[PDB]
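Dropping upload-v1.pdb in here (PDB, C-alpha atoms):
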```pdb
ATOM      1  CA  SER E   2      15.028  49.680  35.062
ATOM      2  CA  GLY E   3      14.392  46.467  37.011
ATOM      3  CA  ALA E   4      12.195  44.604  34.502
ATOM      4  CA  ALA E   5      12.148  47.331  31.846
ATOM      5  CA  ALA E   6      14.871  45.618  29.832
ATOM      6  CA  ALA E   7      13.157  42.384  30.826
ATOM      7  CA  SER E   8       9.644  43.093  29.549
ATOM      8  CA  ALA E   9      11.073  44.549  26.325
ATOM      9  CA  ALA E  10      13.968  42.244  25.467
ATOM     10  CA  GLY E  11      12.394  38.847  25.902
ATOM     11  CA  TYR E  12      13.660  37.095  29.004
ATOM     12  CA  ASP E  13      10.103  36.770  30.356
ATOM     13  CA  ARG E  14       8.486  34.117  28.148
ATOM     14  CA  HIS E  15      11.155  31.465  27.756
ATOM     15  CA  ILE E  16      12.081  29.599  30.898
ATOM     16  CA  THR E  17      15.576  28.639  29.892
ATOM     17  CA  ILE E  18      17.015  32.073  29.177
ATOM     18  CA  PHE E  19      19.153  33.939  31.640
ATOM     19  CA  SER E  20      19.343  37.646  31.938
ATOM     20  CA  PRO E  21      22.693  39.415  32.206
ATOM     21  CA  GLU E  22      21.784  40.053  35.813
ATOM     22  CA  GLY E  23      21.783  36.287  36.101
ATOM     23  CA  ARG E  24      18.098  36.309  36.880
ATOM     24  CA  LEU E  25      15.720  34.133  35.020
ATOM     25  CA  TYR E  26      12.289  35.595  35.390
ATOM     26  CA  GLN E  27       9.660  33.094  34.347
ATOM     27  CA  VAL E  28       9.874  31.097  37.557
ATOM     28  CA  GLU E  29      10.153  34.386  39.397
ATOM     29  CA  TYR E  30       6.828  35.199  37.753
ATOM     30  CA  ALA E  31       5.261  31.917  38.797
ATOM     31  CA  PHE E  32       4.862  32.999  42.373
ATOM     32  CA  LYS E  33       2.277  35.642  41.544
ATOM     33  CA  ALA E  34       0.033  32.667  40.786
ATOM     34  CA  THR E  35       0.280  31.332  44.329
ATOM     35  CA  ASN E  36      -1.725  34.285  45.629
ATOM     36  CA  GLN E  37      -4.518  34.136  43.049
ATOM     37  CA  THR E  38      -6.970  32.858  45.659
ATOM     38  CA  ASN E  39      -6.216  35.244  48.562
ATOM     39  CA  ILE E  40      -5.712  32.267  50.848
ATOM     40  CA  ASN E  41      -3.477  31.773  53.817
ATOM     41  CA  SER E  42      -2.601  28.520  55.555
ATOM     42  CA  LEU E  43      -0.544  27.632  58.609
ATOM     43  CA  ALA E  44       1.326  24.773  60.213
ATOM     44  CA  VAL E  45       2.941  24.006  63.569
ATOM     45  CA  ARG E  46       4.567  21.169  65.469
ATOM     46  CA  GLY E  47       3.637  19.352  68.675
ATOM     47  CA  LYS E  48       4.905  16.888  71.186
ATOM     48  CA  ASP E  49       3.754  14.205  68.782
ATOM     49  CA  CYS E  50       0.896  15.932  66.919
ATOM     50  CA  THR E  51       0.918  18.234  63.919
ATOM     51  CA  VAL E  52      -1.740  20.533  62.482
ATOM     52  CA  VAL E  53      -2.484  22.607  59.374
ATOM     53  CA  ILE E  54      -5.284  25.109  58.857
ATOM     54  CA  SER E  55      -6.837  26.837  55.876
ATOM     55  CA  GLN E  56      -9.661  29.162  55.065
ATOM     56  CA  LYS E  57     -12.501  27.838  52.949
ATOM     57  CA  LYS E  58     -14.232  30.776  51.380
ATOM     58  CA  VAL E  59     -17.928  31.650  51.113
ATOM     59  CA  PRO E  60     -18.582  32.011  47.381
ATOM     60  CA  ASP E  61     -21.992  31.935  45.716
ATOM     61  CA  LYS E  62     -24.404  29.625  47.458
ATOM     62  CA  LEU E  63     -24.629  26.983  44.756
ATOM     63  CA  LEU E  64     -21.470  25.099  45.665
ATOM     64  CA  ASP E  65     -21.401  21.814  47.574
ATOM     65  CA  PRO E  66     -18.804  22.680  50.224
ATOM     66  CA  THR E  67     -18.014  19.070  51.054
ATOM     67  CA  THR E  68     -15.665  18.909  48.055
ATOM     68  CA  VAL E  69     -14.022  22.331  48.018
ATOM     69  CA  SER E  70     -10.834  21.583  49.897
ATOM     70  CA  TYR E  71      -7.118  22.225  49.589
ATOM     71  CA  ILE E  72      -6.205  19.430  52.010
ATOM     72  CA  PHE E  73      -5.276  16.175  50.313
ATOM     73  CA  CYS E  74      -4.657  13.002  52.269
ATOM     74  CA  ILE E  75      -1.754  11.630  50.256
ATOM     75  CA  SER E  76      -0.914   8.440  52.059
ATOM     76  CA  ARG E  77      -1.031   7.470  55.668
ATOM     77  CA  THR E  78       1.325   9.398  57.952
ATOM     78  CA  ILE E  79       1.470  12.101  55.279
ATOM     79  CA  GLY E  80      -0.569  15.030  54.108
ATOM     80  CA  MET E  81      -0.309  18.261  52.245
ATOM     81  CA  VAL E  82      -1.852  21.653  51.687
ATOM     82  CA  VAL E  83      -1.418  23.834  48.634
ATOM     83  CA  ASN E  84      -1.188  27.517  47.870
ATOM     84  CA  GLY E  85      -2.302  28.205  44.377
ATOM     85  CA  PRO E  86      -4.931  27.211  41.901
ATOM     86  CA  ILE E  87      -6.629  23.887  42.295
ATOM     87  CA  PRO E  88      -5.685  22.203  39.005
ATOM     88  CA  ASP E  89      -1.991  22.862  39.419
ATOM     89  CA  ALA E  90      -2.341  21.363  42.881
ATOM     90  CA  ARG E  91      -3.801  18.032  41.793
ATOM     91  CA  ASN E  92      -1.090  17.135  39.284
ATOM     92  CA  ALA E  93       1.366  17.557  42.122
ATOM     93  CA  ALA E  94      -0.870  15.679  44.517
ATOM     94  CA  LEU E  95      -1.330  12.759  42.175
ATOM     95  CA  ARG E  96       2.247  12.536  40.937
ATOM     96  CA  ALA E  97       2.997  11.981  44.646
ATOM     97  CA  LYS E  98       0.245   9.594  45.698
ATOM     98  CA  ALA E  99       1.591   7.254  43.030
ATOM     99  CA  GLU E 100       5.085   7.791  44.348
ATOM    100  CA  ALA E 101       4.833   7.000  48.027
ATOM    101  CA  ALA E 102       3.288   3.771  46.801
ATOM    102  CA  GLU E 103       5.972   2.314  44.560
ATOM    103  CA  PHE E 104       8.509   3.064  47.255
ATOM    104  CA  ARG E 105       6.512   0.832  49.574
ATOM    105  CA  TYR E 106       6.486  -1.706  46.734
ATOM    106  CA  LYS E 107      10.206  -1.320  46.082
ATOM    107  CA  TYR E 108      11.830  -0.572  49.458
ATOM    108  CA  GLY E 109       9.573  -2.042  52.116
ATOM    109  CA  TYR E 110       8.230   0.892  54.080
ATOM    110  CA  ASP E 111       6.487   4.224  53.752
ATOM    111  CA  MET E 112       8.298   7.341  52.675
ATOM    112  CA  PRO E 113       8.783  10.235  55.055
ATOM    113  CA  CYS E 114       8.052  13.822  54.209
ATOM    114  CA  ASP E 115      11.815  14.330  53.893
ATOM    115  CA  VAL E 116      12.147  12.382  50.697
ATOM    116  CA  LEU E 117       8.690  13.311  49.515
ATOM    117  CA  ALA E 118       9.750  16.952  49.513
ATOM    118  CA  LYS E 119      13.126  16.111  48.003
ATOM    119  CA  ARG E 120      11.643  13.955  45.279
ATOM    120  CA  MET E 121       8.798  16.160  44.119
ATOM    121  CA  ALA E 122      11.180  19.099  44.349
ATOM    122  CA  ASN E 123      13.792  17.161  42.411
ATOM    123  CA  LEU E 124      11.210  17.315  39.589
ATOM    124  CA  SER E 125      10.145  20.924  39.547
ATOM    125  CA  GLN E 126      13.796  21.724  38.980
ATOM    126  CA  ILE E 127      13.828  19.505  35.895
ATOM    127  CA  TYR E 128      10.786  21.202  34.485
ATOM    128  CA  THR E 129      12.806  24.428  34.816
ATOM    129  CA  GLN E 130      15.561  22.891  32.721
ATOM    130  CA  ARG E 131      13.493  21.478  29.906
ATOM    131  CA  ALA E 132      10.457  22.888  28.157
ATOM    132  CA  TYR E 133       8.342  19.834  29.020
ATOM    133  CA  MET E 134       5.886  21.771  31.074
ATOM    134  CA  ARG E 135       5.255  25.168  32.527
ATOM    135  CA  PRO E 136       6.330  25.050  36.173
ATOM    136  CA  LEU E 137       3.337  24.464  38.373
ATOM    137  CA  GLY E 138       2.294  27.705  39.923
ATOM    138  CA  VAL E 139       2.119  26.502  43.514
ATOM    139  CA  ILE E 140       3.989  26.433  46.782
ATOM    140  CA  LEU E 141       3.012  23.416  48.826
ATOM    141  CA  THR E 142       3.388  22.234  52.379
ATOM    142  CA  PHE E 143       3.800  18.717  53.722
ATOM    143  CA  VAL E 144       3.268  17.203  57.163
ATOM    144  CA  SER E 145       3.973  13.926  58.924
ATOM    145  CA  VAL E 146       4.609  12.262  62.270
ATOM    146  CA  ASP E 147       7.701  10.194  61.625
ATOM    147  CA  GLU E 148       9.146   7.342  63.640
ATOM    148  CA  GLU E 149      12.750   8.515  63.575
ATOM    149  CA  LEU E 150      12.295  12.309  63.645
ATOM    150  CA  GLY E 151       8.969  12.970  65.319
ATOM    151  CA  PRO E 152       6.806  15.693  63.846
ATOM    152  CA  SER E 153       8.080  17.343  60.730
ATOM    153  CA  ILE E 154       6.980  20.065  58.359
ATOM    154  CA  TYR E 155       8.350  20.653  54.910
ATOM    155  CA  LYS E 156       7.812  23.031  52.076
ATOM    156  CA  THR E 157       8.450  23.171  48.363
ATOM    157  CA  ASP E 158       8.501  25.868  45.728
ATOM    158  CA  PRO E 159       8.512  25.870  41.910
ATOM    159  CA  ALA E 160      12.289  26.088  41.690
ATOM    160  CA  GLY E 161      13.054  23.219  43.983
ATOM    161  CA  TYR E 162      13.966  24.863  47.253
ATOM    162  CA  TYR E 163      12.894  22.867  50.281
ATOM    163  CA  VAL E 164      13.452  23.323  53.990
ATOM    164  CA  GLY E 165      11.823  21.815  57.014
ATOM    165  CA  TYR E 166      10.490  24.650  59.054
ATOM    166  CA  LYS E 167       9.505  24.555  62.703
ATOM    167  CA  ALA E 168       6.317  26.492  62.057
ATOM    168  CA  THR E 169       5.185  28.621  59.174
ATOM    169  CA  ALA E 170       2.431  30.172  57.163
ATOM    170  CA  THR E 171       2.042  31.243  53.572
ATOM    171  CA  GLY E 172      -0.125  33.194  51.181
ATOM    172  CA  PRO E 173      -0.611  36.946  50.816
ATOM    173  CA  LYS E 174      -0.380  37.468  54.530
ATOM    174  CA  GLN E 175       2.785  35.856  55.812
ATOM    175  CA  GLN E 176       4.315  38.870  57.510
ATOM    176  CA  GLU E 177       1.335  39.397  59.772
ATOM    177  CA  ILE E 178       1.117  35.760  60.821
ATOM    178  CA  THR E 179       4.793  34.867  60.837
ATOM    179  CA  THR E 180       5.539  37.648  63.281
ATOM    180  CA  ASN E 181       2.645  36.505  65.456
ATOM    181  CA  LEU E 182       4.504  33.292  66.065
ATOM    182  CA  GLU E 183       8.139  34.264  65.533
ATOM    183  CA  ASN E 184       7.840  36.468  68.587
ATOM    184  CA  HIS E 185       6.076  33.600  70.351
ATOM    185  CA  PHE E 186       9.003  31.228  69.949
ATOM    186  CA  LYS E 187      11.663  33.609  71.233
ATOM    187  CA  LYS E 188       9.656  33.741  74.436
ATOM    188  CA  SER E 189       9.963  30.061  75.235
ATOM    189  CA  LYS E 190      12.807  28.702  73.043
ATOM    190  CA  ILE E 191      11.008  25.512  72.091
ATOM    191  CA  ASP E 192      11.074  24.415  68.478
ATOM    192  CA  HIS E 193       7.943  22.395  69.178
ATOM    193  CA  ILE E 194       4.852  23.422  71.104
ATOM    194  CA  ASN E 195       3.393  22.053  74.312
ATOM    195  CA  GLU E 196      -0.179  20.840  74.926
ATOM    196  CA  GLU E 197       0.263  17.115  74.232
ATOM    197  CA  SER E 198      -3.219  16.666  72.825
ATOM    198  CA  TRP E 199      -3.736  17.303  69.138
ATOM    199  CA  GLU E 200      -6.934  18.909  70.339
ATOM    200  CA  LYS E 201      -5.438  21.591  72.568
ATOM    201  CA  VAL E 202      -2.772  22.526  70.019
ATOM    202  CA  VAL E 203      -5.353  23.429  67.393
ATOM    203  CA  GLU E 204      -6.870  26.160  69.533
ATOM    204  CA  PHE E 205      -3.401  27.647  69.884
ATOM    205  CA  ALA E 206      -3.004  27.912  66.148
ATOM    206  CA  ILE E 207      -6.520  29.126  65.428
ATOM    207  CA  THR E 208      -6.339  32.124  67.706
ATOM    208  CA  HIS E 209      -2.985  33.252  66.351
ATOM    209  CA  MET E 210      -4.463  33.342  62.861
ATOM    210  CA  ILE E 211      -7.331  35.402  64.243
ATOM    211  CA  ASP E 212      -5.617  38.198  66.124
ATOM    212  CA  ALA E 213      -2.935  38.704  63.491
ATOM    213  CA  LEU E 214      -5.085  37.835  60.489
ATOM    214  CA  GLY E 215      -7.748  40.543  60.673
ATOM    215  CA  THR E 216     -11.219  39.208  61.444
ATOM    216  CA  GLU E 217     -13.279  36.536  63.204
ATOM    217  CA  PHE E 218     -13.966  33.045  61.890
ATOM    218  CA  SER E 219     -16.873  30.624  61.998
ATOM    219  CA  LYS E 220     -16.767  26.847  61.587
ATOM    220  CA  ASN E 221     -17.590  26.855  57.895
ATOM    221  CA  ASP E 222     -14.961  29.262  56.595
ATOM    222  CA  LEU E 223     -12.211  26.863  57.808
ATOM    223  CA  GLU E 224     -10.881  23.435  57.008
ATOM    224  CA  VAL E 225      -8.186  21.843  59.101
ATOM    225  CA  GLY E 226      -5.914  18.831  59.075
ATOM    226  CA  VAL E 227      -3.886  16.878  61.551
ATOM    227  CA  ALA E 228      -1.186  14.198  61.658
ATOM    228  CA  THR E 229      -0.727  11.533  64.313
ATOM    229  CA  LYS E 230       1.136   8.264  64.353
ATOM    230  CA  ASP E 231      -0.632   5.699  62.177
ATOM    231  CA  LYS E 232      -3.016   8.324  60.736
ATOM    232  CA  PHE E 233      -3.855  11.572  58.982
ATOM    233  CA  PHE E 234      -7.344  13.055  58.883
ATOM    234  CA  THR E 235      -9.678  16.056  59.103
ATOM    235  CA  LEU E 236     -12.002  17.410  61.715
ATOM    236  CA  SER E 237     -15.294  18.727  63.164
ATOM    237  CA  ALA E 238     -16.547  22.185  64.140
ATOM    238  CA  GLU E 239     -16.966  22.300  67.915
ATOM    239  CA  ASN E 240     -13.367  23.161  68.780
ATOM    240  CA  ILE E 241     -14.095  26.904  68.804
ATOM    241  CA  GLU E 242     -17.348  26.696  70.760
ATOM    242  CA  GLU E 243     -15.149  25.154  73.446
ATOM    243  CA  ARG E 244     -12.851  28.161  73.177
ATOM    244  CA  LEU E 245     -14.892  31.320  73.601
ATOM    245  CA  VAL E 246     -16.875  29.847  76.491
ATOM    246  CA  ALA E 247     -13.603  29.660  78.398
ATOM    247  CA  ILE E 248     -13.064  33.320  77.448
TER     248      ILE E 248
ATOM    249  CA  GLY V 106       6.979 113.192   2.972
ATOM    250  CA  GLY V 107       6.259 110.330   5.349
ATOM    251  CA  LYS V 108       5.994 110.373   9.136
ATOM    252  CA  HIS V 109       4.686 106.875   9.907
ATOM    253  CA  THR V 110       6.819 104.152  11.468
ATOM    254  CA  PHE V 111       6.711 100.413  10.677
ATOM    255  CA  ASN V 112       7.855  98.474  13.774
ATOM    256  CA  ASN V 113       8.671  95.158  12.128
ATOM    257  CA  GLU V 114       8.041  92.749  15.005
ATOM    258  CA  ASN V 115       8.056  88.960  15.425
ATOM    259  CA  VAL V 116       4.276  88.657  15.749
ATOM    260  CA  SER V 117       4.523  85.436  13.733
ATOM    261  CA  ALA V 118       5.486  82.109  15.197
ATOM    262  CA  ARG V 119       8.004  79.789  13.566
ATOM    263  CA  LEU V 120       9.676  76.448  14.106
ATOM    264  CA  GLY V 121      12.496  74.264  12.904
ATOM    265  CA  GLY V 122      11.971  70.561  12.656
ATOM    266  CA  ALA V 123      14.807  68.167  12.642
ATOM    267  CA  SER V 124      13.738  66.027  15.569
ATOM    268  CA  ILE V 125      16.280  63.403  14.671
ATOM    269  CA  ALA V 126      16.575  60.509  17.082
ATOM    270  CA  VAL V 127      18.536  57.349  17.577
ATOM    271  CA  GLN V 128      17.079  54.251  19.185
ATOM    272  CA  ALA V 129      13.944  52.864  17.529
ATOM    273  CA  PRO V 130      13.672  49.713  19.759
ATOM    274  CA  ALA V 131      10.195  48.981  18.417
ATOM    275  CA  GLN V 132       9.607  45.216  18.218
ATOM    276  CA  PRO V 133      12.160  42.389  17.846
ATOM    277  CA  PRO V 134      10.538  38.969  17.582
ATOM    278  CA  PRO V 135      13.136  36.267  18.229
ATOM    279  CA  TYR V 136      10.239  33.749  18.473
ATOM    280  CA  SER V 137       8.681  34.040  15.006
ATOM    281  CA  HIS V 138       7.315  30.526  15.543
ATOM    282  CA  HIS V 139       8.922  29.776  18.978
ATOM    283  CA  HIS V 140      11.414  27.472  17.162
ATOM    284  CA  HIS V 141       9.946  24.011  17.785
ATOM    285  CA  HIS V 142       7.669  25.443  20.537
ATOM    286  CA  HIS V 143       9.313  23.199  23.097
TER     287      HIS V 143
END
```

Could you take the file, read its structure, and then write that structure out as structure tokens?
Amino acid sequence: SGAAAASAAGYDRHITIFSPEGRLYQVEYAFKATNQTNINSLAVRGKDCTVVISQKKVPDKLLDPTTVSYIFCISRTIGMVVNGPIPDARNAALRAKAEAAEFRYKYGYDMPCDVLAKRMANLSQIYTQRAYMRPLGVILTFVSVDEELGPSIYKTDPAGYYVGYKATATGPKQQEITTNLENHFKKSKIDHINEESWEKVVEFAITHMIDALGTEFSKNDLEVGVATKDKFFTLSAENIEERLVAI
Amino acid sequence: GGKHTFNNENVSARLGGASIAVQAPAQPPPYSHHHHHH
């Protein structure tokens, strides 16, 4: 009964058609695309240092793993990680990287992740008004270390919804992760996390997406980002060898 | 003159077909050419 009158009587191939339930369904069918990789990222705050982690799978040997990456350095002080197919991640990445710029040409400073999640999300709405473009099947995360707000995470979905979480994950496996840090925060009642160094905060976030994820991870199956004042960048592989020795 | 019986039974099957129905929702296209496609 739920989508039976949907799948039969249209309502599932035009974007701009409501159902008598009120629900439009096309965008509500976009999200199935986000999980077409079986991939599962993460993000958390700091005292001044932010981090985001992603798997990086082990397909057939012929790839050149230097280039497979879902972490795109947008501008300085900014970065982003996607959840969805690669091509529908670029067109969002590039429509942005030429958007932080003109701001800095037209207003005299660099955009935060506030506006950058309000702008790019003020567009994916529009493409769910008009028939210009199928809505990009993604759900993307932003990061930054701002001057006026400190660390900051934000999030954007194909409708246009955006909220700045305190910590979050995404993918097929949110419930397992999200509980393995929701319960952590009610312990301490700190929106941020301790361990001043951007180093020591990584190893916090790794191990929580090991115990609650479901297996053990090497250096190659991961790719990780970080945000610090004046910079955004990626990382090396030793941070786990200096974990299990301590344990 | 005759002692046999007959015993006319219903050994035969039978059936009555008027399976008349109502809906027929088969296939409405309201997008015969998607009406400018855009």

I need the output of the ChimeraX specification (/V :<8) & /E for this file as JSON, numbers by chain; which residues are they? {"E": [10, 132, 133]}

Pick out the residues sitting within 7 Å of region 49-65 of chain E, and hand them over as a PyMOL selection string; count only C-alpha atoms, and ignore anything fewer than 2 positions along from it in its own chain. chain E and resi 40-47+67-68+146+151-152+199+203+222-229

Include C-alpha atoms and write out the residues we just selected as a PDB file, in the frame of the given file.
```pdb
ATOM      1  CA  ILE E  40      -5.712  32.267  50.848  1.00  0.00           C
ATOM      2  CA  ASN E  41      -3.477  31.773  53.817  1.00  0.00           C
ATOM      3  CA  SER E  42      -2.601  28.520  55.555  1.00  0.00           C
ATOM      4  CA  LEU E  43      -0.544  27.632  58.609  1.00  0.00           C
ATOM      5  CA  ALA E  44       1.326  24.773  60.213  1.00  0.00           C
ATOM      6  CA  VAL E  45       2.941  24.006  63.569  1.00  0.00           C
ATOM      7  CA  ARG E  46       4.567  21.169  65.469  1.00  0.00           C
ATOM      8  CA  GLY E  47       3.637  19.352  68.675  1.00  0.00           C
ATOM      9  CA  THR E  67     -18.014  19.070  51.054  1.00  0.00           C
ATOM     10  CA  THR E  68     -15.665  18.909  48.055  1.00  0.00           C
ATOM     11  CA  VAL E 146       4.609  12.262  62.270  1.00  0.00           C
ATOM     12  CA  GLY E 151       8.969  12.970  65.319  1.00  0.00           C
ATOM     13  CA  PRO E 152       6.806  15.693  63.846  1.00  0.00           C
ATOM     14  CA  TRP E 199      -3.736  17.303  69.138  1.00  0.00           C
ATOM     15  CA  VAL E 203      -5.353  23.429  67.393  1.00  0.00           C
ATOM     16  CA  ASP E 222     -14.961  29.262  56.595  1.00  0.00           C
ATOM     17  CA  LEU E 223     -12.211  26.863  57.808  1.00  0.00           C
ATOM     18  CA  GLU E 224     -10.881  23.435  57.008  1.00  0.00           C
ATOM     19  CA  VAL E 225      -8.186  21.843  59.101  1.00  0.00           C
ATOM     20  CA  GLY E 226      -5.914  18.831  59.075  1.00  0.00           C
ATOM     21  CA  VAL E 227      -3.886  16.878  61.551  1.00  0.00           C
ATOM     22  CA  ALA E 228      -1.186  14.198  61.658  1.00  0.00           C
ATOM     23  CA  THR E 229      -0.727  11.533  64.313  1.00  0.00           C
TER      24      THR E 229
END
```

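CA of residue 76 (chain E) sits 15.4 Å away from CA of residue 148 (chain E).
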
Give as JSON, numbers by chain the residues that the PyMOL selection byres ((chain E and resi 92) around 12) matches when applied to the coordinates above. {"E": [73, 83, 86, 87, 88, 89, 90, 91, 93, 94, 95, 96, 97, 98, 99, 121, 125, 134, 136, 137, 138, 139]}

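Straight-line separation from CA of residue 172 (chain E) to CA of residue 35 (chain E): 7.1 Å.
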
Taking all atoms of region 116-121 of chain V that the file lists, what box with edges along x, y and z, padded by 3 Å per side, do you get, with centre and edge lengths in Å to one decimal, as AutoDock Vina command-line options?
```
--center_x 8.4 --center_y 81.5 --center_z 14.3 --size_x 14.2 --size_y 20.4 --size_z 8.8
```

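Interatomic distance, CA of residue 156 (chain E) to CA of residue 141 (chain E): 5.8 Å.
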
Take the PyMOL selection byres ((chain E and resi 173-178) around 9), apply it to the structure above, and return the hits as a short mmCIF file (atom, residue, chain, number, x, y, z; two decimals) with C-alpha atoms, in the coordinates of the input.
```cif
data_model
loop_
_atom_site.label_atom_id
_atom_site.label_comp_id
_atom_site.auth_asym_id
_atom_site.auth_seq_id
_atom_site.Cartn_x
_atom_site.Cartn_y
_atom_site.Cartn_z
CA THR E 35 0.28 31.33 44.33
CA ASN E 36 -1.72 34.28 45.63
CA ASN E 39 -6.22 35.24 48.56
CA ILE E 40 -5.71 32.27 50.85
CA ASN E 41 -3.48 31.77 53.82
CA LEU E 43 -0.54 27.63 58.61
CA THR E 169 5.18 28.62 59.17
CA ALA E 170 2.43 30.17 57.16
CA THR E 171 2.04 31.24 53.57
CA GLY E 172 -0.12 33.19 51.18
CA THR E 179 4.79 34.87 60.84
CA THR E 180 5.54 37.65 63.28
CA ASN E 181 2.64 36.51 65.46
CA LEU E 182 4.50 33.29 66.06
CA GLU E 183 8.14 34.26 65.53
CA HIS E 209 -2.98 33.25 66.35
CA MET E 210 -4.46 33.34 62.86
CA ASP E 212 -5.62 38.20 66.12
CA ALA E 213 -2.94 38.70 63.49
CA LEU E 214 -5.08 37.84 60.49
#
```

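Using only C-alpha atoms, the shortest contact distance between residue 130 (chain E) and any of E:159, E:165, E:80, E:85 is found at E:159.
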
Identify, on the basis of all atoms listed in the file, every residue whose closest approach to residue 20 (chain E) does not exceed 8 Å; exclude the query and any residue fewer than 5 positions from it along the same chain; express the result as a VMD selection string. chain E and resid 7 12 25
